Every structure is written in structure tokens, then in C-alpha cells.
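Heads up, the chain below is alone and in the form solved without the ligand; it's given as C-alpha cells.
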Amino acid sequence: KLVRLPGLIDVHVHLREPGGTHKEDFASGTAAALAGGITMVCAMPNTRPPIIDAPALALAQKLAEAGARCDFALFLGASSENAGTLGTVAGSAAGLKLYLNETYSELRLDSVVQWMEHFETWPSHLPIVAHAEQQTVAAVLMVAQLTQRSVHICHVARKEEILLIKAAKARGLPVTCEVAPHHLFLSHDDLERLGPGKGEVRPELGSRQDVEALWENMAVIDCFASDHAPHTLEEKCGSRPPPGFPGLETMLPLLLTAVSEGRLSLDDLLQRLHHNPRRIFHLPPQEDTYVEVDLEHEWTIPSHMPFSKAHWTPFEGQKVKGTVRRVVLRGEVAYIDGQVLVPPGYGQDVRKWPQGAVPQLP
């Protein structure tokens, strides 16, 4: 009755430690990952302090090693000050993250020349991912071509963006992309229900036509990734609502529902949550690691999932078919039926494994 899946990989999570641990920490966020059938996460650098230099990375690595329940890699973040300074720690990170749209964090870049400087100085064999919306997708593709390297586009959300990426792939350009579940399963039609606070997310929810274009262009989507962006309900409903949705615990059930309806195949799902994350980010295999799912169980998403400290979900009320029953991580039962059974600190930094280093020429 159960289907065995390999250990799934989420290449875009915000786990809020250090500095935002009321929203999530490594222990709670990786519990959420495990309950979602995810055994490896790549954590974004917009923490407090942000992971924009070697001391911050070193702190974050130890916090993750002590708190993570599944395996992980940590992104470095590009800043207006750190191009040309990250070479000695670059290979220990998941990759470099560029935040190219609205932000007031230390991740704000003022000029496309600063993007160029990062593409020129970051080691050419290591991943670069960009938060790049609408025309910014075309702009960062131009910078990638000028510097003769690849780029990965985070959370593609619009018809405009997926068609631009499709055209770039047709010209043989080295671009990959990911899509998040809220841009496949929510739209403007859901904003009345969500309200303006909860509904705040970046990239924003798309139109019905945006959602339909992403499904129609599934072949263009290399990865699914949650952009798990936990904020508390108080924050989402307050005066200055921060953008983002929690998503680790709902991603796989939503996508399994779509598989059961014939909207994509099981293989399509596994390419996008396992094989392509591995190959784009050079993430290592996890020995004796698998996920068992029950594809027949129908349930309704509640007002909050059990594990994320966000304690809310924008998918409340959606009917799904598919549920994670058991997760085994490196030979240990990590999750069964609503209970996480590996402690904080069980998880490891996959970039320290010999198989987890990105290959490079001498």
C-alpha cells in the first residue's frame, strides 16, 4: 500500500536561526521538513546576523549542527560589501544567494555592477541562485551570459518568467529554475480568503493564467522548492506584514494530490524533488534514507501544521490525497505518523561529507 521514495531535497528554506527563532529554528524547521518527507534542506542566508561573511557562516554551521534533525547545507548571501571576500569559505556553502528585488537587509544590492562583481568573483564551479522577479529574470540572465556562467532562478511565479526561461533554454543558455507550491496551488482567487496580511508573499500570488502557465510549462521547471518562509500569525496579521508562507509540511501532500489526479507523474515529482536538486547543487546521496508515503489517504489541511513555529498555513481547507507515513534518515527512523523521532543535532552539514564537495579543476 505504501510507496517508497528516495530522500527528498528542498533547496529553498528559511530556518530563521540565528536571530529569528520565534519564527522557526533549526530544530523546529527540520522537524517540519521530516514530516513533509524532506531529508535534506538548503537554508537561506537572510538571518540575523545574515550569513554574509565567514564568522557568520561559522556560527550558523554550529547552530545547524546542534539543532538540525535532517541534513542540510547553508547558503552564503551576496552583499554590497563581500564580493571577492568569500573565496576561502565558498566551497563550504550550498551556493551564493543573490537577492535582486526589494529588500532592506544587508543583502540589498544597489547596482547591476554589483551583480556582475559577484558573478566574476564567486568561484565559477559553485552554484549561484537569484531571487529575481519579472524583468529581473532577464537582467540576471544577461549578467550570467556576460560572465559566461550558469544561474538558478528561485521561485518562478509568473507566465512572464517561465516563458522567458523557456526561451533562454531554447537558445541553450545554462539556466535552471524552481517553483514553489503556493504558485502552483494558490492564485489571486485565494486572496479574498487569505486577506492582505496572510496573503503577502514575494513573488506575489499569480493570476489563474500564471498558475496555468506554470503547469503547462512543467517541462521548463527543474526543481520544486518550498520557499518555507515562516513568520508567526501575529506578524502576518500585523501592521507591516512580512512576506512569506510556511510550506515544508504541505509541499509533498499537495504534489502527491496532483500526481494522483494525473497532473504530473511520480517521476516528474521525483526529478524535481530529488534528482535535479542533487545535480544542480551537487548535493550528495544520503545512505539508507527513504520516505514512505500513503497515496490513498484523503485529508483536509488544517489551520496549522504540527511542527513549524509559524503556526498557520495558507493552504488551510484544501483537500489533499497523500500523506507521509515514515521517514528513515541514514538508518534511523526519523519520523512516523506525526511524531519526529530523531533529536536536534542528528542532522549533518552535507558539504563536509567527502561526497558533498563540489568537484573542481585543480
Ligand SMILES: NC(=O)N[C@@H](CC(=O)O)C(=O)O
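Rigid core (definition): largest C-alpha set, two forms, superposition within 1.5 Å. Only residues modelled in both forms are compared. Don't overthink the numbering: it's just position in the shown sequence, from 1.
Mean CA temperature factor is higher for 194-202 when stretches 194-202 and 177-185 are set side by side in the entry. Legend: mean Cα B-factor per stretch from the PDB entry, 146-154 versus 96-104; the higher mean is in 96-104. Sort the chain's modelled residues by C-alpha temperature factor and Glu235 lands in the highest third, per the entry. Annotation for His125: C-alpha temperature factor in the middle third relative to the rest of the modelled chain, per the entry.
In the PDB entry, a CA B factor belonging to the lowest third of its chain's modelled residues is recorded for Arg272. The deposited CA B-factor of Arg16 belongs to the highest third of values across its chain. The PDB entry assigns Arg263 a C-alpha temperature factor belonging to the middle third of its chain's modelled residues.
Keep in mind the form deposited with the ligand bound is missing from the figure; the text below concerns it.
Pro243 is the sole member of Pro284, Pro243, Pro123, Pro196 with a non-hydrogen atom within 4.5 Å of the ligand in the deposited bound form.
The contact residue chosen from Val201, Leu184, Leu252, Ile165 relative to the ligand in the deposited bound form is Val201, the criterion being a non-hydrogen atom within 4.5 angstroms. Only one segment in the set 225-233, 80-88, 267-275, 210-218 has residues whose heavy atoms sit within 4.5 Å of the ligand in the deposited bound form; it is 225-233. Taking the partner from elsewhere, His118 is found to have every heavy atom lying beyond 4.5 Å of the ligand in the deposited bound form. Taking the partner from elsewhere, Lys159 is found to have every heavy atom lying beyond 4.5 Å of the ligand in the deposited bound form. The closest heavy atom approach of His14 to the ligand in the deposited bound form falls within 4.5 Å. Put simply, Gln61 is far from the ligand in the deposited bound form: not one heavy atom of it is within 4.5 Å.
Along 96-122, residues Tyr99, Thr103, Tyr104 each place a heavy atom within 4.5 Å of the ligand in the deposited bound form. In the overlay on the core between the shown form and the other one, a shift of 2 Å or more in CA position is seen for a single residue of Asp268, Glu292, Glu106, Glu117, which is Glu106.
In summary, the C-alpha positions of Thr103 and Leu205 converge in the deposited bound form, ending up at least 3 angstroms nearer each other than in this conformation.
In sequence order, 103-106 is the sole run of at least 3 consecutive residues whose Cα positions differ by 2 Å or more between the shown form and the other one once the rigid core is superposed.
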